[PDB]
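Have a look at the structure below, then the notes.
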Ligand SMILES: *[C@@H]1O[C@H](CO)[C@@H](O[C@@H]2O[C@H](CO)[C@@H](O)[C@H](O)[C@H]2NC(C)=O)[C@H](O)[C@H]1NC(C)=O
Ligand SMILES: *[C@@H]1O[C@H](CO)[C@@H](O[C@@H]2O[C@H](CO)[C@@H](O)[C@H](O)[C@H]2NC(C)=O)[C@H](O)[C@H]1NC(C)=O
Ligand SMILES: *[C@@H]1O[C@H](CO)[C@@H](O[C@@H]2O[C@H](CO)[C@@H](O)[C@H](O)[C@H]2NC(C)=O)[C@H](O)[C@H]1NC(C)=O
Ligand SMILES: *[C@@H]1O[C@H](CO)[C@@H](O[C@@H]2O[C@H](CO)[C@@H](O)[C@H](O)[C@H]2NC(C)=O)[C@H](O)[C@H]1NC(C)=O
Ligand SMILES: *[C@@H]1O[C@H](CO)[C@@H](O[C@@H]2O[C@H](CO)[C@@H](O)[C@H](O)[C@H]2NC(C)=O)[C@H](O)[C@H]1NC(C)=O
Ligand SMILES: *[C@@H]1O[C@H](CO)[C@@H](O[C@@H]2O[C@H](CO)[C@@H](O)[C@H](O)[C@H]2NC(C)=O)[C@H](O)[C@H]1NC(C)=O
Ligand SMILES: *[C@@H]1O[C@H](CO)[C@@H](O)[C@H](O)[C@H]1NC(C)=O
Ligand SMILES: *[C@@H]1O[C@H](CO)[C@@H](O)[C@H](O)[C@H]1NC(C)=O
Ligand SMILES: *[C@@H]1O[C@H](CO)[C@@H](O)[C@H](O)[C@H]1NC(C)=O
Ligand SMILES: *[C@@H]1O[C@H](CO)[C@@H](O)[C@H](O)[C@H]1NC(C)=O
Ligand SMILES: *[C@@H]1O[C@H](CO)[C@@H](O)[C@H](O)[C@H]1NC(C)=O
Ligand SMILES: *[C@@H]1O[C@H](CO)[C@@H](O)[C@H](O)[C@H]1NC(C)=O
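Protein chains in written order, with the authors' numbering: chain A, 742 to 828, 855 to 938; chain B, 988 to 1037; chain C, 594 to 621, 635 to 675, 691 to 827, 855 to 1037; chain D, 27 to 69, 80 to 143; chain E, 544 to 593; chain F, 264 to 346.
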């Protein structure tokens, strides 16, 4: 409102103290954004890595696990999401506290934890379990007995792979 | 009369700044509510079963 | 802008200064200082650089942060690294268990306040009152919101605490299967009948036309509501939240609670003493955790400080000149000629009206946020206390 | 010679009364950790500029330091204030005096 | 002595140093004055309203 | 032996006692810690990062440019006319 002027500042000084709140509000909203992102993404005290040998009972998670050939180490769907959307007079834009790499690592840790340890890693320590015996748990939890899964594994695997391919194509 | 001109300019610019700050506050509140909902959904649908 | 990173004047008086968004080749004691570290968010002078990585407490930005060992700035580490040895024919099953107690603080309401519509901007002057009549009905517009906010706060507190149709009293003889609840139940020695933890929580924290109204629900009745809820949830289990109150021994209530989460009821009956000892140890530990360690009630203190600062800024704004020749209306009225006196008082009136409008808007935003938080707290009270989650 | 004024030179800006409050005041003060000269009254009475206020720290036990003389030209043309201590009562005047190259005292 | 205002005058117990005239607390609100005739510290209380 | 100082228009922060006597004073244009104390309005500073003020670079000199504009007219010729 002054542009580095002397008499402008002298005239402005007599309007009392009002820019203090006009700056503290912006600081508060910046802190709110930082706290929001940290609270949403940070919910695990450790970082998990998928085993090098992957045989999850016929399921294929290649299009969802991080790709070890990119500088940013991001999965395929994250790359498509990033590529899909694309966008000085006393105002500035502050960089975020958490860069993209930390968010990608957090998501990869969550994905590996839920793939390997089931839901036991969200209530204490992580407990290993095969994937088929976890799908049996998840079917048994919705009223369908576990006898159905063990006799229809191939159909379920094929349907899951086709669905993930279809959603990849749609995105 | 330069004083009067400066006063007019200052009051106009202050009004614009106040409007911008209020709009930003409203948008921040809505974004915070959405972020809280997203965090609850992630916690109750990723770490367990719904 | 510039910023100062400090570890607190308690520990030491050594700071490091950071210049934001400046490729500080033209930096100008601290003209050069220690090693200059150019980062993605400006440049920092006063702290050295290290190649290690820990979890920090003073965030700087762009993924880097600094802490006091001198003062060192590094790149944060997300946490410890561990890989689970996944195999397709092996599982891990727990063989022991522990019982833990946590805490959670939720604000529900703030101080009810009101401001006089005309006393603030006139200061007992007849000319001010005469001139105010030409500015329309701003008085009711600026006065209705505060009453609405006060009513909302009262209803909010009433609906978040009042959830029992009766008042329950604990039996005089307390033999709860070995559990020790004497640190939670109200103490007859205290005249206010407040629990020891409540006493520690209470002791932990410490006119110009504006006033503060008293809340409807005093402290004693809130304490009585909490005691009734707690006695009901100890004696009747959770059936008192649906119909009448049905007595049940505590051991079988805990057996039902274990049966709810999957573990069979045999485990509790075979491991009662260990569970009782662990619960007693945890409830003892939380006492020292709450007593010795401060800064655990940041939310309430933040709300109180924000409200006090807003009120202080509003009351201090009254001393501004606002472009006139004096900050007091009476001297202008008694020293100057009317024809320009209308202009001076008009300037004062419009400035004060702008300040009042800003204060009202800020109060409305704060009230909305508090209402949302208290709704969440009420949902938590209804779900995680009167049953099982 | 020069000496370090560590933290001296703080005075009550006003005549108001306050109790347990942090107050920020913008006024004329001697800066903290500053440089002050140091004269010697052995074998000094030089002319020193005023420059909008002055400090004075005299630590001589012997009753030798007596008074001051203020002015703008140090002549009978313009009024010059004078303060003199009689060891029992101080006298202050403002009217002119003729400058002497060796100011003195006599009783 | 020039300090003009409105309110109610009460007796006090605060202690002034021998050179102050009128005290205050915050935001230019006088709360204690000494009468020049007798040199006794008093207290100002805002006149009641509501 | 009489040291001589010279006052300057500075800004100070003073902590009054309960009796009304000054017991502590802090400068405001000496160290970044002093500026932080001024902004925070307290003598104790907790661990964290604080926003104190901002700086800008002042201009050094001034330049101005104009076209060649070389179109001198006979105004300088009539003064040297023979007849
Ligand atoms: C899982 O799906 C991915 C999809 O990208 C497969 O990766 C490619 O799949 C195509 C389709 O047959 C092959 O032509 C490529 O050779 C595959 N690439 C690689 C690097 O293998 C992947 O093979 C699938 N895995 C399983 C076990 O089905
Ligand atoms: C279950 O047994 C397997 C097989 O030995 C364990 O896997 C290894 O255990 C050793 C023992 O400390 C570790 O040093 C290795 O790092 C483990 N292998 C891998 C690839 O991490 C496994 O740790 C055992 N699980 C438990 C809970 O004891
Ligand atoms: C499960 O853990 C508890 C403690 O975490 C074990 O109880 C301890 O037992 C040892 C030896 O009997 C005692 O010296 C300790 O004082 C006990 N601690 C407590 C807190 O009571 C218990 O033995 C463990 N369970 C099993 C099956 O070993
Ligand atoms: C529950 O714990 C409290 C806390 O120790 C016990 O209170 C103690 O009681 C004994 C005798 O009754 C006193 O000598 C102690 O001084 C009390 N402790 C304190 C800190 O004052 C109480 O007895 C325990 N209840 C049960 C049933 O074990
Ligand atoms: C102003 O004059 C009055 C009248 O004499 C003074 O009041 C008296 O002061 C003497 C001082 O020794 C006391 O002994 C009397 O008891 C006082 N009488 C009354 C009725 O107050 C007053 O002190 C004077 N104020 C000054 C000098 O500041
Ligand atoms: C502050 O002023 C008081 C009153 O002049 C001084 O006197 C003290 O007063 C308190 C309150 O009655 C007594 O408890 C002390 O014993 C008094 N001290 C002395 C030396 O008389 C007091 O000294 C002043 N300073 C402080 C720091 O209180
Ligand atoms: C203050 O410093 C002391 C001693 O260094 C330390 O014991 C204490 O924990 C510190 N407190 C805070 C709040 O920093
Ligand atoms: C900073 O400025 C210097 C020259 O002033 C230049 O050589 C350097 O590349 C700049 N660096 C950045 C990150 O802008
Ligand atoms: C940190 O590591 C980089 C690259 O490995 C190296 O160039 C630099 O000298 C190291 N600095 C320290 C302080 O170890
Ligand atoms: C100023 O003070 C410093 C330290 O107090 C001293 O070294 C120096 O000689 C003094 N004078 C000048 C002109 O710097
Ligand atoms: C100081 O002493 C001198 C010497 O007798 C005398 O002339 C003068 O009047 C005295 N002044 C005062 C104020 O006592
Ligand atoms: C006329 O000619 C003389 C001789 O060269 C010169 O000095 C003078 O400047 C000329 N006057 C004008 C107006 O050009």
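Built from N, CA and C at the ideal position, the CB exists for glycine as well.
Look at residue 313(F): its C-beta is under 9 Å from a C-beta on chain C. Per DSSP, the unbroken beta strand (DSSP E) holding residue 290(F) starts and ends at 285 to 290. For residue 857(A) and residue 994(B), the gap between their C-alpha atoms comes out near 20 Å. The DSSP-derived three-state label of residue 1032(B) is helix. Residues lining ligand 8 by the Cβ criterion, that is a Cβ closer than 5 Å to any of its heavy atoms, are 616(C) and 618(C) in chain order. Under the three-state reduction of DSSP, residue 276(F) is assigned to strand. Relative to residue 63(D), the option among 268(F), 285(F) and 345(F) whose CA is nearest is 268(F). Proximity of chain A to residue 1011(B) at the Cβ level (cut-off 9 Å) is accounted for by 766, 767 and 770, in chain order. Three or more beta-carbon pairs separated by less than 8 Å link the segment 792 to 810 of chain C to the segment 923 to 941 of chain C, which places the two stretches in contact. With the rule of 3 Cβ pairs closer than 8 Å, the segment 784 to 795 of chain C counts as touching the segment 881 to 900 of chain C. For residue 929(C), the enclosing alpha helix (DSSP H) starts and ends at 920 to 940. If you ignore the 5 residues before and after residue 898(C), its C-beta comes within less than 8 Å of the C-beta of 797, 798, 800 and 882, all in its own chain and listed in chain order.
Going by beta carbons, residue 1020(C) and residue 724(C) fall outside the 9 Å limit. Every residue with a CB closer than 6 Å to a heavy atom of ligand 12 is listed here in chain order: 339(F), 342(F) and 343(F).
Following the DSSP letters along the chain, one finds residue 815(A) in no alpha helix (DSSP H), marked with neither H nor E.
Between residue 965(C) and residue 757(A), the CB-CB gap stays under 9 Å. By the rule that beta-carbons nearer than 9 Å mark a contact, residue 947(C) does not touch chain A. Annotation for residue 980(C): the continuous alpha helix (DSSP H) segment containing it runs 977 to 983.
Under DSSP, no beta-bridge partner is assigned to residue 760(A).
Residues of chain E whose Cβ lies closer than 8 Å to the Cβ of residue 44(D) are, in chain order, 566, 567 and 568. Proximity of residue 65(D) to chain F, defined by a Cβ-Cβ separation below 9 Å, is satisfied. Cα atoms of residue 567(E) and residue 42(D): separation of roughly 7 Å, rounded to the nearest angstrom. If you look at residue 312(F), you'll find it in the beta strand (DSSP E) that goes 311 to 314. Setting aside the 5 residues that flank it on each side, residue 131(D) is surrounded in the same chain by 115, each with a C-beta closer than 7 Å to its C-beta; the list follows chain order.
With a 10 Å radius around the Cβ and a threshold of 16 neighbouring Cβ atoms, residue 1032(C) comes out exposed. For chain E, the residues of the segment 967 to 981 of chain C that bring a beta carbon within less than 9 Å of one of its beta carbons are 967 and 978, in chain order. At least one CB of chain E lies nearer than 9 Å to the CB of residue 47(D). Taking 9 Å as the CB threshold, residue 921(A) stays off the interface with chain C.
Judged by DSSP in its simplified three-state form, residue 654(C) adopts strand. Close to residue 88(D), with beta-carbon spacing below 7 Å, are these residues of chain F in chain order: 270.
Put simply, the residues with a CB less than 5 Å from any heavy atom of ligand 10 are 28(D), 30(D) and 61(D), in chain order.
For residue 696(C), the enclosing beta strand (DSSP E) stretches over residues 692 to 696.
Around the beta-carbon of residue 909(C), fewer than 16 other beta-carbon atoms lie within 10 Å, marking it exposed. Here residue 598(C) really is in contact with residue 312(F); their C-beta atoms are around 5 Å apart, less than 8 Å.
With a threshold of 8 Å, the Cβ atom of residue 920(C) does not count as near ligand 3, since no heavy atom of the ligand is closer than that.
Separation of residue 1036(C) and residue 1035(B) (C-alpha to C-alpha, rounded to the nearest whole angstrom) is 16 Å.
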